[PDB]
Undergrad: 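Sending over a structure as C-alpha cells; questions will come in a sec.
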Amino acid sequence: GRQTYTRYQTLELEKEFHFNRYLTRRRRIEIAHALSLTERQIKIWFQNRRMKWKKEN
DNA sequence: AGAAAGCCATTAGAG
DNA sequence: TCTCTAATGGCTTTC
Ligand code: NI
Ligand code: NI
Ligand code: NI
Ligand code: NI
C-alpha cells in the first residue's frame, strides 16, 4: 500500500519544513489533522525530507 | 528505565 | 523501463 500525496499536501509540508526541519509533537498533531494524514506519515515525511536535505546541503 | 523519536539503508509501488 | 518517494526495519539517540 502506497498513498500519493497531493500537490497541496506536499506544498503545505514543504512550507512547514522551510521554517522547521523538526516538528514538535503538538505541531505534528495539527498538521496531520489539517492534511488528513496520520502522525506517523507526517513523522516519516519529515524524516525522508531531512535525509534529502542532507544530500543537498 | 523505557517509550518516543531519530537516523540510515533499503524496498517497492505509482505514474 | 525509468524516476521518485512513501514506507519499512533495525538500530541509535533523546528525554
Ligand atoms: Ni523564509
Ligand atoms: Ni535504555
Ligand atoms: Ni523521545
Ligand atoms: Ni519497483
Side-chain angles (χ1 to χ4, degrees), chain A residues 1-53 55-57:
Chain A
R2 177 197 175 101
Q3 177 174 1
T4 302
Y5 299 163
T6 58
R7 218 171 263 162
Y8 177 72
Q9 292 168 318
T10 291
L11 186 56
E12 286 296 80
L13 290 163
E14 277 290 336
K15 289 178 167 176
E16 192 74 20
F17 187 82
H18 176 98
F19 302 97
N20 279 307
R21 291 202 318 282
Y22 297 85
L23 284 194
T24 63
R25 178 158 199 273
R26 183 171 306 165
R27 181 57 173 162
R28 199 179 66 196
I29 289 171
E30 292 172 349
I31 293 167
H33 178 265
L35 303 190
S36 306
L37 297 165
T38 73
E39 289 202 71
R40 172 157 189 272
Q41 291 177 294
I42 302 298
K43 181 179 105 84
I44 294 163
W45 187 96
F46 270 80
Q47 193 58 66
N48 291 327
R49 180 64 181 86
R50 287 195 292 271
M51 296 305 87
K52 173 188 202 175
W53 185 83
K55 279 153 177 133
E56 309 171 358
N57 191 57

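In the text below, chain A, chain B and the rest are named by the order of the sequence lines, each starting its count at 1. Basis for what follows: all heavy atoms, side chains included, without hydrogens, waters or symmetry-related copies.
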Undergrad: Let's see if you can work this out: which of C:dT8, B:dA5, C:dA6 has an atom nearest to the side-chain heavy atoms of A:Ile44?
TA: C:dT8
Undergrad: Taking a hydrophobic cluster as the set of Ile, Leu, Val, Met, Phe, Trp and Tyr residues connected by side-chain heavy atoms closer than 4.5 Å, whether directly or through intermediates, do A:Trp45 and A:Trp53 fall within one such cluster?
TA: yes
Undergrad: Does the side chain of A:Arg40 get closer than 4.0 angstrom to OP1 or OP2 of C:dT8 through an N or O atom?
TA: yes
Undergrad: Does B:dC7 have OP1 or OP2 under 4.0 Å away from a side-chain N or O of A:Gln47?
TA: yes
Undergrad: Would you compute the distance between atom CG of A:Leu23 and atom CD1 of A:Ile31 and round it to the nearest 0.5 angstrom?
TA: 4.5 Å
Undergrad: Protein within reach of the bases, or only the backbone? For nucleotides 10-15 of chain B, mark each nucleotide 5' to 3' as B, S or -, using heavy atoms under 4.0 Å.
TA: --BBSS
Undergrad: Mind calculating the distance between CD (A:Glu39) and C1' (B:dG6) to the nearest angstrom?
TA: 16 Å
Undergrad: May I ask you to decide if the ring planes of A:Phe46 and A:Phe17 are parallel, tilted or perpendicular, using 30° and 60° as cut-offs?
TA: tilted
Undergrad: Tell me the interatomic distance from A:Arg50, atom CZ, to C:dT14, atom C1', rounded to whole angstroms.
TA: 13 Å
Undergrad: Does B:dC7 have OP1 or OP2 under 4.0 Å away from a side-chain N or O of A:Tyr22?
TA: yes
Undergrad: Roughly how many Å is it from CZ in A:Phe46 to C1' in B:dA5, rounded to a whole number?
TA: 14 Å
Undergrad: On the nucleotide C:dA6, are OP1 or OP2 found under 4.0 Å from the side-chain N or O atoms that A:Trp45 carries?
TA: yes
Undergrad: Rounded to whole Å, please give me the gap between CE in A:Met51 and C1' in C:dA6.
TA: 15 Å
Undergrad: Nearest-Å distance, NZ (A:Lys52) to P (C:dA7)?
TA: 16 Å
Undergrad: Under the rule for salt bridge (charged side-chain N to carboxylate O under 4.0 Å, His left out), what residues qualify as partners of A:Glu39, not counting sequence neighbours?
TA: A:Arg25, A:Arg28
